[PDB]
Amino acid sequence: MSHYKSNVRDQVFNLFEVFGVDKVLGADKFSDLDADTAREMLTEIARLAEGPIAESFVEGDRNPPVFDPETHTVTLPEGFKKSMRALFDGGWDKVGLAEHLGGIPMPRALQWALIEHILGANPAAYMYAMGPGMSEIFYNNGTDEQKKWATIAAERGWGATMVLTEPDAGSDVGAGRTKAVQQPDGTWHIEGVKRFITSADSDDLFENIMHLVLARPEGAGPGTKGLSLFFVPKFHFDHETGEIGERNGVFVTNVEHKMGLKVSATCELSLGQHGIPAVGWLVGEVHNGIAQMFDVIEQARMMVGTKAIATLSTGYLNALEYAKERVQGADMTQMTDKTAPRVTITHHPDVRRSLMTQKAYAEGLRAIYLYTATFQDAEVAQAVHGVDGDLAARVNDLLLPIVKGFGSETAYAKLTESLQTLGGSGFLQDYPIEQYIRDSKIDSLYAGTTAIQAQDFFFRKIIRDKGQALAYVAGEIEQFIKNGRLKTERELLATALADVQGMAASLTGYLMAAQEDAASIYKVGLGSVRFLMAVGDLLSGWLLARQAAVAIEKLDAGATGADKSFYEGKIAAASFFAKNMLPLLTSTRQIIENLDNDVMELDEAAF
Amino acid sequence: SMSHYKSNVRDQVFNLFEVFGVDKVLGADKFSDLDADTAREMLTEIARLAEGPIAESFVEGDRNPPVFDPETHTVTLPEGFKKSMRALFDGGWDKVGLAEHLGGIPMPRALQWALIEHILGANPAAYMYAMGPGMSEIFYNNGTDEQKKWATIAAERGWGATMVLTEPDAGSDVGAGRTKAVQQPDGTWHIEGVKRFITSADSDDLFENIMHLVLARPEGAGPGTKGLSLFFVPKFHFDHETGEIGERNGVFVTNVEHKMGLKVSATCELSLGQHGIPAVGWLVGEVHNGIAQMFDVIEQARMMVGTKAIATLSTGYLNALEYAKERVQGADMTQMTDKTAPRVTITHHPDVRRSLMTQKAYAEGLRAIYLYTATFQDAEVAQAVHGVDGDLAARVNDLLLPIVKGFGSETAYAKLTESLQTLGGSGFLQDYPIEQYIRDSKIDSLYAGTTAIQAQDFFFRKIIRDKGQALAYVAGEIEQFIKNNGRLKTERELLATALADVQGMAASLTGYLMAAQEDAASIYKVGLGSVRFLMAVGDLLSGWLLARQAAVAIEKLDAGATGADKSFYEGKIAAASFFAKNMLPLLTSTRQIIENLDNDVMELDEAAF
Ligand SMILES: Cc1cc2nc3c(=O)[nH]c(=O)nc-3n(C[C@H](O)[C@H](O)[C@H](O)COP(=O)(O)OP(=O)(O)OC[C@H]3O[C@@H](n4cnc5c(N)ncnc54)[C@H](O)[C@@H]3O)c2cc1C
Ligand SMILES: Cc1cc2nc3c(=O)[nH]c(=O)nc-3n(C[C@H](O)[C@H](O)[C@H](O)COP(=O)(O)OP(=O)(O)OC[C@H]3O[C@@H](n4cnc5c(N)ncnc54)[C@H](O)[C@@H]3O)c2cc1C
């Protein structure tokens, strides 16, 4: 079969047996989507992903897109375009789209589980397919007239881009200098050069592309607060019928040569620089750009973390399948007998350590993003957690930088174990793990770097939130701890919870002390990413232990066969993670409690 | 990036001369005719050549990789890379540390590896192709008198060389190889088998001959590695008196791998005696002692791979630092609330300084480790700089090699992640060299023996079979540093805790080994902990050697260092202090983890994964 090895079984376990998402299926918004149909959709897209989507994974990397300066377009490899058509022909670009735009209403938890398969098999294919989802965001933020255009864009399946970055404005979005000049008729002319724009051209995949562009109206103030958001289509069109008209003045000028994710065209995007204006329409006809654009950034951050998690999962399952069959060496208990029988490498302790590390992190990370997603619908959060809409939104906002930051960093790090499991063969392009590594390196950088994630988590999702979402999650962990076969795990979780509490307290002290000693704030910066990572490890351990508690119940009820093996694996993973990953957080807390500004005072010339 | 390679001769000289005192042996005994000024000039010279002509083709070799012709069984290398190789040859850099009677310049191994570091940072496959004369010296040392004549010819003519062990079924388990050797009446052998993953098995027209050193099992020999013999199998027959090249020998490349990185190094399937022409081999030293003889080569390859990883992390760090110094993004964190504050360069941000100091401390701690290791590779150096005799020096060098290789490879690759991150989205571009550093360096945890194999070697052969004598020696030096100003008081306290942690790990693992006398399966816990223990010892050594460097730096600052010297020394103090406070404490948790290993993960059904 394909490079892509899916895990629908673990997704359904999470959705139904752990979080109980099936309790909202058939009711209210999801009135006409039942549990059986949800399961069938997951199986179907898993097969699509393993089949036609994964089919062009290698081709997209080995025969990457080409920029044509004669036409200012990008050409994509034919096999990848065929994969995209398989996604469109099945309507998978409308997963979770609103019903009035042509979608099937479903819990966000199911939506992201469906998307995981595309992100494991060929993640750029989902990225090119995000057009309808962007149309919905344009719809939500649009005027009544603009809602008519967004409806057309969804129905016609136009592609889309999110256009923020400039050479001098990446992390600091507010430094952007792309300009917006209002015209007599109320449209705007956008003038500027944007960088690193995903999908800025996409060959003949679509009849149009909606660029959602941040730009600064003439006379507006500085920073992100002075930015506005503009609908800038590649082609003008008839606002009533949708008929494609004249080219608009927004042109790709370059395609980047990247380590990985090569089939995703990443382009310099010039607005108003090629002799015709780039006409844009102010979104919602209000000046509120960074808030509006964050509707998109939130989804992109969720997507990036889920991509990284999807990629670790197929990396792990590839390594596991390889290890089961590779014969090498004798059993360690016979190591001095040079005539001892040769064994498969799953018999070697270091390989079992490696595989269980990969397994526990892959499944823990899957639990985290599905858990995060259960807070993205008010109805699901109410039904499965008993939490109201306001707290649910805050908890989702808390968890997003974990999914993105901790997901991105962990997946790339543990893929190292996946590749190592293949030995020298892991270094070959014949196997997919080296491409997994290259494709996933970008996940720590785009949609906000890890440092930006960690700063968001602490400054905005905890301090500005006055710790409400954080206290809620901590209370659920404490409840699980308070509650026999999981006594040792619960003790290790209690240490880990106290460690994270200590880190939060130290960092909060460093921030609060900055009012009298400005440089104190630097210790927050020094510790922020380690703190984010510690919270991710704590959440992984808790959710794995919760899974093991369910697995114990199902084994006690009489599970057999492949179910029994699955549940045994959950108990083993939970115990391994508690005993080998959580304790490190104690040393990390002590490190954070002793941070100093020596490294900030050092002359730059001494580095 | 063509001028991708950023060298650090200053840090090399600091280690060689101010810390370890390798200049004490320069101008005396074996190094009679090499003085400290010449050694420094050599470092500067190869560093310049590396930054120029050798680095020039780094990108080319990866973007325009070798092409295999299966009908001629040869590889074509890109022209720019062959021009880099010729610059290497024209300067004699393939003969660094070669024995004088083979045409080399005698020198401490610590200087030799510091010189080679520059090639490994600039274009590591170029050094690998250039290891022929080094191999010729190993062949010489293990050869008959007649073979020594051939080895002298091969060195003088600059022949390339390969080490040929691996087969599809015999990678970590070398002893599983099935390639066979059939004795001929005239005393030569015919080698029959297919080997895999052979580095440099063809090399276009770089050389007039290649020496394949091939492990094979004489017909009727016993199993495992002890049954293997080592054979000299030249690509071309040659005139044993003059070296004149003769008929093609029966050893042909039949495939060339497509790899994630290190692409310009042709990695080859090598077929011996499969094309109707015998692959004639000569039994090395005319004795049957294959695995022992080949480990002379493996030991050097493991040193090279570790030094390669370390060299690559160093130039990745310096590339990241130079980018960070110029990249303006965001406000100072003390002004984050003020959206009209001045924009600052990113070295002002705490997370970036954290990243950069993490990169620095590991790059420099790793450099200190490989150079420290090299000081035990000459008896004369180990005596002059450490006061240890030849037997202990060899055991210490053997102890440290799996650290250099296993800890060096894993650490360099992991910390290059920080280097790439420092560039932001630009770090994901091939326009910058970091993504190629990452791809080129991933292989270092795998070839010349995987990390797990390094950790098993370290524990069972270099500690237990050694009865702990080399490990006890190094521990004693760490303890003596701790026991000896109080400006390093906190660092010495942290080092003492780390030393106690590593001792605790060693005791727990040794405990599991003794328990295996009674319950065989207890040995698995040694396996589960072995790699974490190897990494822990590497962290301890890094922190100790950085603290030693800090003590030297404090002396030089106290004496009145100014300007760029002052900045250099200040950075050593900061690195040692940062590493002690942010890396070493984690070893406490790792000790407690190792103390609680169990066999649950061993007893789990494979079906449960
Ligand atoms: C493949 C790819 C696709 C992309 N697609 C898009 C797209 O479709 N749309 C779009 O708008 N953008 C896109 N981008 C841009 C991407 O979001 C930026 O690269 C990213 O936000 C980082 O910005 P930068 O590259 O300018 O790095 P910088 O902001 O210059 O960061 C450099 C380093 O400084 C650190 N740093 C910066 N500011 C701070 C701070 N205040 N505190 C602490 N550390 C800091 C960063 O963490 C990083 O380590 C893409 C980028 C890539 C690589
Ligand atoms: C680029 C490249 C160049 C190479 N060049 C050469 C060359 O010039 N000459 C040459 O002779 N070889 C060469 N090799 C071979 C290389 O040394 C082997 O790939 C390496 O030894 C690992 O062997 P293997 O690939 O068969 O992996 P395997 O031995 O199959 O290992 C697979 C996994 O099992 C683990 N494992 C295996 N045995 C044990 C054990 N007993 N205990 C615990 N874990 C175990 C490994 O650690 C790994 O995680 C090269 C390889 C590469 C990738």
# chains A, B, ... in the order shown; residues from 1 in each chain; ligands from 1
call {"tool": "select_by_dssp", "arguments": {"residues": "segment 74-316 of chain A", "states": "strand (DSSP E)", "output": "VMD selection string"}}
result
chain A and resid 74 to 75 159 to 163 179 to 182 188 to 198 209 to 217 228 to 233 235 to 237 244 to 247 250 to 255 266 to 271 278 to 282
call {"tool": "residues_near_ligand", "arguments": {"ligand": "ligand 1", "cutoff": "6 Å", "atoms": "only C-alpha atoms and all ligand atoms", "output": "PyMOL selection string"}}
result
(chain A and resi 162-165+169-171+196-198+266+442+445-449+451) or (chain B and resi 329-330+346+349+351-352+421-426+428)
call {"tool": "atom_distance", "arguments": {"atom1": "atom CA of residue 453 of chain B", "atom2": "atom CA of residue 573 of chain A"}}
result
25.0 Å
call {"tool": "interface_residues", "arguments": {"of": "chain A", "to": "chain B", "cutoff": "7 Å", "atoms": "only C-alpha atoms", "output": "PDB file with C-alpha atoms, in the first residue's frame"}}
result
ATOM      1  CA  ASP A 172       6.043  41.256  14.330  1.00  0.00           C
ATOM      2  CA  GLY A 223       1.281  48.282  14.906  1.00  0.00           C
ATOM      3  CA  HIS A 257      13.077  26.401  -2.487  1.00  0.00           C
ATOM      4  CA  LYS A 258      12.336  24.691   0.824  1.00  0.00           C
ATOM      5  CA  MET A 259      13.697  21.835   2.913  1.00  0.00           C
ATOM      6  CA  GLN A 328      19.063  -8.424  13.472  1.00  0.00           C
ATOM      7  CA  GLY A 329      21.150  -9.790  16.304  1.00  0.00           C
ATOM      8  CA  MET A 332      19.991  -9.698  24.862  1.00  0.00           C
ATOM      9  CA  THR A 333      19.581 -12.656  27.251  1.00  0.00           C
ATOM     10  CA  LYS A 338      27.372 -16.009  19.223  1.00  0.00           C
ATOM     11  CA  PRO A 349      15.176  -3.193  24.702  1.00  0.00           C
ATOM     12  CA  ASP A 350      16.389  -0.002  23.049  1.00  0.00           C
ATOM     13  CA  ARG A 352      11.065  -1.271  22.481  1.00  0.00           C
ATOM     14  CA  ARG A 353      12.036   1.909  24.357  1.00  0.00           C
ATOM     15  CA  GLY A 423      18.761   1.758  10.946  1.00  0.00           C
ATOM     16  CA  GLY A 424      20.747   2.875   7.924  1.00  0.00           C
ATOM     17  CA  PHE A 427      18.350   7.575   5.813  1.00  0.00           C
ATOM     18  CA  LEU A 428      17.092   6.423   2.392  1.00  0.00           C
ATOM     19  CA  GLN A 429      14.426   8.183   0.375  1.00  0.00           C
ATOM     20  CA  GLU A 434      13.184  11.333   6.022  1.00  0.00           C
ATOM     21  CA  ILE A 442       8.290  23.950   9.119  1.00  0.00           C
ATOM     22  CA  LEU A 445       7.998  28.135  12.326  1.00  0.00           C
ATOM     23  CA  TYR A 446       4.940  29.128  10.189  1.00  0.00           C
ATOM     24  CA  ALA A 451       8.567  31.190  20.987  1.00  0.00           C
ATOM     25  CA  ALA A 518      12.141  45.863  34.410  1.00  0.00           C
ATOM     26  CA  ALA A 519      14.757  43.267  33.466  1.00  0.00           C
ATOM     27  CA  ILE A 521      10.591  40.164  32.602  1.00  0.00           C
ATOM     28  CA  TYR A 522      13.448  38.527  30.726  1.00  0.00           C
ATOM     29  CA  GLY A 525      11.097  34.875  28.218  1.00  0.00           C
ATOM     30  CA  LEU A 526      13.910  32.522  29.175  1.00  0.00           C
ATOM     31  CA  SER A 565      -4.223  -5.857  22.452  1.00  0.00           C
ATOM     32  CA  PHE A 566      -5.256  -2.228  21.854  1.00  0.00           C
ATOM     33  CA  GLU A 568      -3.177  -3.430  26.793  1.00  0.00           C
ATOM     34  CA  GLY A 569      -1.165  -0.994  24.702  1.00  0.00           C
ATOM     35  CA  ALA A 572       1.527   0.206  28.858  1.00  0.00           C
ATOM     36  CA  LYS A 579       7.615   6.733  34.544  1.00  0.00           C
ATOM     37  CA  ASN A 580       9.985   7.957  31.786  1.00  0.00           C
ATOM     38  CA  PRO A 583       9.753  13.006  36.152  1.00  0.00           C
ATOM     39  CA  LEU A 584      11.965  15.278  34.015  1.00  0.00           C
ATOM     40  CA  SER A 587      14.277  19.141  37.198  1.00  0.00           C
ATOM     41  CA  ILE A 591      15.801  25.060  36.559  1.00  0.00           C
ATOM     42  CA  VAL A 599      22.809  35.408  29.694  1.00  0.00           C
ATOM     43  CA  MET A 600      20.926  38.665  29.029  1.00  0.00           C
ATOM     44  CA  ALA A 605      30.302  39.963  21.082  1.00  0.00           C
ATOM     45  CA  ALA A 606      30.997  37.136  23.547  1.00  0.00           C
ATOM     46  CA  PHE A 607      28.678  34.665  21.775  1.00  0.00           C
TER      47      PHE A 607
END
call {"tool": "select_by_dssp", "arguments": {"residues": "segment 335-569 of chain A", "states": "alpha helix (DSSP H)", "output": "VMD selection string"}}
result
chain A and resid 349 to 373 378 to 385 389 to 401 407 to 421 433 to 440 450 to 455 468 to 482 487 to 512 521 to 556 561 to 569
call {"tool": "residues_around", "arguments": {"residues": "residue 252 of chain B", "least_positions_apart": "2", "cutoff": "10 Å", "atoms": "only C-alpha atoms", "output": "PyMOL selection string"}}
result
chain B and resi 70+72-74+194+201-202+235+248-250+254-255+268-275+277+279
call {"tool": "residues_around", "arguments": {"residues": "residue 502 of chain B", "least_positions_apart": "5", "cutoff": "8 Å", "atoms": "only C-alpha atoms", "output": "ChimeraX atom specification"}}
result
/B:533,536-537,540,587,591
call {"tool": "write_last_selection", "arguments": {"atoms": "N, CA, C and O atoms", "output": "CSV table (one decimal), in the first residue's frame"}}
result
chain,number,residue,atom,x,y,z
B,533,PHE,N,22.1,6.6,29.6
B,533,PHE,CA,23.4,6.7,30.4
B,533,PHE,C,24.5,7.3,29.6
B,533,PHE,O,25.3,8.1,30.0
B,536,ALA,N,24.0,10.9,29.3
B,536,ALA,CA,24.3,11.6,30.6
B,536,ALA,C,25.7,11.8,30.8
B,536,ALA,O,26.2,12.8,31.3
B,537,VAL,N,26.6,10.8,30.5
B,537,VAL,CA,28.0,10.9,30.6
B,537,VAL,C,28.5,12.0,29.7
B,537,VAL,O,29.4,12.8,30.1
B,540,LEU,N,27.7,15.3,31.3
B,540,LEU,CA,28.6,15.6,32.4
B,540,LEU,C,30.0,16.0,31.9
B,540,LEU,O,30.6,17.0,32.4
B,587,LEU,N,20.0,15.6,34.7
B,587,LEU,CA,20.6,14.3,35.0
B,587,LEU,C,20.0,13.7,36.3
B,587,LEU,O,20.0,12.5,36.5
B,591,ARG,N,18.7,10.0,36.5
B,591,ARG,CA,19.1,8.9,37.4
B,591,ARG,C,17.9,8.3,38.1
B,591,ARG,O,17.8,7.1,38.2
call {"tool": "closest_atom_pairs", "arguments": {"of": "chain A", "to": "ligand 2", "cutoff": "10 Å", "atoms": "only C-alpha atoms and all ligand atoms", "output": "CSV"}}
result
residue,atom,partner,partner_atom_place_in_ligand_line,distance
A:319,CA,ligand 2,33 (C),9.6
A:322,CA,ligand 2,32 (C),8.9
A:323,CA,ligand 2,33 (C),7.3
A:325,CA,ligand 2,30 (O),9.9
A:326,CA,ligand 2,30 (O),6.2
A:327,CA,ligand 2,30 (O),7.0
A:328,CA,ligand 2,38 (N),5.3
A:329,CA,ligand 2,41 (N),5.0
A:330,CA,ligand 2,41 (N),6.5
A:331,CA,ligand 2,41 (N),7.5
A:332,CA,ligand 2,41 (N),7.1
A:335,CA,ligand 2,41 (N),8.1
A:342,CA,ligand 2,41 (N),9.8
A:343,CA,ligand 2,38 (N),9.3
A:344,CA,ligand 2,34 (O),8.6
A:345,CA,ligand 2,34 (O),5.4
A:346,CA,ligand 2,34 (O),8.0
A:347,CA,ligand 2,43 (C),8.4
A:348,CA,ligand 2,43 (C),4.9
A:349,CA,ligand 2,43 (C),6.5
A:350,CA,ligand 2,43 (C),5.4
A:351,CA,ligand 2,44 (N),5.7
A:352,CA,ligand 2,44 (N),9.0
A:353,CA,ligand 2,44 (N),10.0
A:354,CA,ligand 2,49 (O),8.2
A:355,CA,ligand 2,49 (O),9.9
A:417,CA,ligand 2,49 (O),8.1
A:418,CA,ligand 2,49 (O),8.7
A:419,CA,ligand 2,49 (O),8.1
A:420,CA,ligand 2,49 (O),4.8
A:421,CA,ligand 2,49 (O),3.8
A:422,CA,ligand 2,32 (C),4.8
A:423,CA,ligand 2,27 (O),3.6
A:424,CA,ligand 2,19 (O),3.4
A:425,CA,ligand 2,25 (O),5.3
A:426,CA,ligand 2,53 (C),7.6
A:427,CA,ligand 2,53 (C),5.7
A:428,CA,ligand 2,53 (C),7.4
call {"tool": "write_last_selection", "arguments": {"atoms": "C-alpha atoms", "output": "mmCIF file, in the first residue's frame"}}
result
data_model
loop_
_atom_site.group_PDB
_atom_site.id
_atom_site.type_symbol
_atom_site.label_atom_id
_atom_site.label_comp_id
_atom_site.auth_asym_id
_atom_site.auth_seq_id
_atom_site.Cartn_x
_atom_site.Cartn_y
_atom_site.Cartn_z
ATOM 1 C CA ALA A 319 8.801 2.286 11.996
ATOM 2 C CA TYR A 322 9.590 -2.198 9.793
ATOM 3 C CA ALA A 323 10.747 -3.307 13.243
ATOM 4 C CA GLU A 325 10.052 -7.749 10.292
ATOM 5 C CA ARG A 326 13.698 -6.707 10.573
ATOM 6 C CA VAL A 327 15.839 -9.589 11.863
ATOM 7 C CA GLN A 328 19.063 -8.424 13.472
ATOM 8 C CA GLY A 329 21.150 -9.790 16.304
ATOM 9 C CA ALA A 330 20.352 -12.160 19.144
ATOM 10 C CA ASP A 331 18.168 -11.689 22.191
ATOM 11 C CA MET A 332 19.991 -9.698 24.862
ATOM 12 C CA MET A 335 24.238 -11.890 23.922
ATOM 13 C CA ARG A 342 18.593 -14.230 15.423
ATOM 14 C CA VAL A 343 15.558 -12.188 16.511
ATOM 15 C CA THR A 344 13.404 -9.412 15.109
ATOM 16 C CA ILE A 345 14.470 -6.062 16.473
ATOM 17 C CA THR A 346 11.296 -5.538 18.497
ATOM 18 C CA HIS A 347 13.007 -7.943 20.912
ATOM 19 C CA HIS A 348 15.751 -5.412 21.643
ATOM 20 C CA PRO A 349 15.176 -3.193 24.702
ATOM 21 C CA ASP A 350 16.389 -0.002 23.049
ATOM 22 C CA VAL A 351 13.978 -0.581 20.150
ATOM 23 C CA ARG A 352 11.065 -1.271 22.481
ATOM 24 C CA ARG A 353 12.036 1.909 24.357
ATOM 25 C CA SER A 354 12.091 3.807 21.055
ATOM 26 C CA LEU A 355 8.768 2.417 19.848
ATOM 27 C CA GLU A 417 13.255 7.858 16.950
ATOM 28 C CA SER A 418 11.091 6.651 14.043
ATOM 29 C CA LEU A 419 13.952 7.044 11.574
ATOM 30 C CA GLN A 420 16.508 5.484 13.949
ATOM 31 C CA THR A 421 14.321 2.381 14.165
ATOM 32 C CA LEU A 422 15.012 1.643 10.491
ATOM 33 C CA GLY A 423 18.761 1.758 10.946
ATOM 34 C CA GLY A 424 20.747 2.875 7.924
ATOM 35 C CA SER A 425 17.671 2.326 5.771
ATOM 36 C CA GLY A 426 15.930 5.211 7.563
ATOM 37 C CA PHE A 427 18.350 7.575 5.813
ATOM 38 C CA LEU A 428 17.092 6.423 2.392
#
call {"tool": "closest_residue", "arguments": {"among": "A:9, A:72, A:385, A:359", "to": "residue 371 of chain A", "atoms": "only C-alpha atoms"}}
result
A:385
call {"tool": "closest_residue", "arguments": {"among": "A:184, A:432, A:386, A:64", "to": "residue 472 of chain A", "atoms": "only C-alpha atoms"}}
result
A:386
call {"tool": "atom_distance", "arguments": {"atom1": "atom CA of residue 18 of chain B", "atom2": "atom CA of residue 370 of chain B"}}
result
15.9 Å
call {"tool": "residues_around", "arguments": {"residues": "residue 8 of chain B", "least_positions_apart": "4", "cutoff": "12 Å", "atoms": "only C-alpha atoms", "output": "VMD selection string"}}
result
chain B and resid 12 to 15 43 to 44 46 to 48 50 to 51 114 to 115 117 to 118 121 to 122 310 to 319 360 363 to 364 367 568
call {"tool": "residues_around", "arguments": {"residues": "residue 361 of chain A", "least_positions_apart": "5", "cutoff": "9 Å", "atoms": "only C-alpha atoms", "output": "list in words"}}
result
residues 309, 312, 313, 356, 366, 410, 411, 414, 537, 540, 573 and 577 of chain A
call {"tool": "closest_residue", "arguments": {"among": "A:399, A:130, A:229, A:263", "to": "residue 77 of chain A", "atoms": "only C-alpha atoms"}}
result
A:263
call {"tool": "residues_around", "arguments": {"residues": "residue 409 of chain B", "least_positions_apart": "3", "cutoff": "6 Å", "atoms": "only C-alpha atoms", "output": "list in words"}}
result
residues 306, 309, 405, 406, 412, 444 and 445 of chain B
call {"tool": "write_last_selection", "arguments": {"atoms": "N, CA and C atoms", "output": "PDB file, in the first residue's frame"}}
result
ATOM      1  N   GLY B 306      31.767  11.310  14.770  1.00  0.00           N
ATOM      2  CA  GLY B 306      31.509  12.230  15.868  1.00  0.00           C
ATOM      3  C   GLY B 306      32.067  13.615  15.591  1.00  0.00           C
ATOM      4  N   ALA B 309      29.845  15.447  13.102  1.00  0.00           N
ATOM      5  CA  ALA B 309      28.642  16.008  13.697  1.00  0.00           C
ATOM      6  C   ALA B 309      28.957  17.289  14.448  1.00  0.00           C
ATOM      7  N   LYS B 405      31.247   9.639  19.300  1.00  0.00           N
ATOM      8  CA  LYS B 405      30.387   9.211  18.197  1.00  0.00           C
ATOM      9  C   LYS B 405      28.899   9.266  18.580  1.00  0.00           C
ATOM     10  N   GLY B 406      28.518   8.597  19.672  1.00  0.00           N
ATOM     11  CA  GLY B 406      27.103   8.495  20.004  1.00  0.00           C
ATOM     12  C   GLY B 406      26.516   9.794  20.527  1.00  0.00           C
ATOM     13  N   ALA B 412      24.475  16.931  18.182  1.00  0.00           N
ATOM     14  CA  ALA B 412      24.620  17.908  17.096  1.00  0.00           C
ATOM     15  C   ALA B 412      23.325  18.048  16.301  1.00  0.00           C
ATOM     16  N   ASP B 444      24.664  10.479  10.971  1.00  0.00           N
ATOM     17  CA  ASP B 444      25.724  10.274  11.955  1.00  0.00           C
ATOM     18  C   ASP B 444      25.301   9.437  13.157  1.00  0.00           C
ATOM     19  N   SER B 445      24.004   9.372  13.486  1.00  0.00           N
ATOM     20  CA  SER B 445      23.503   8.463  14.512  1.00  0.00           C
ATOM     21  C   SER B 445      23.388   7.013  14.036  1.00  0.00           C
TER      22      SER B 445
END
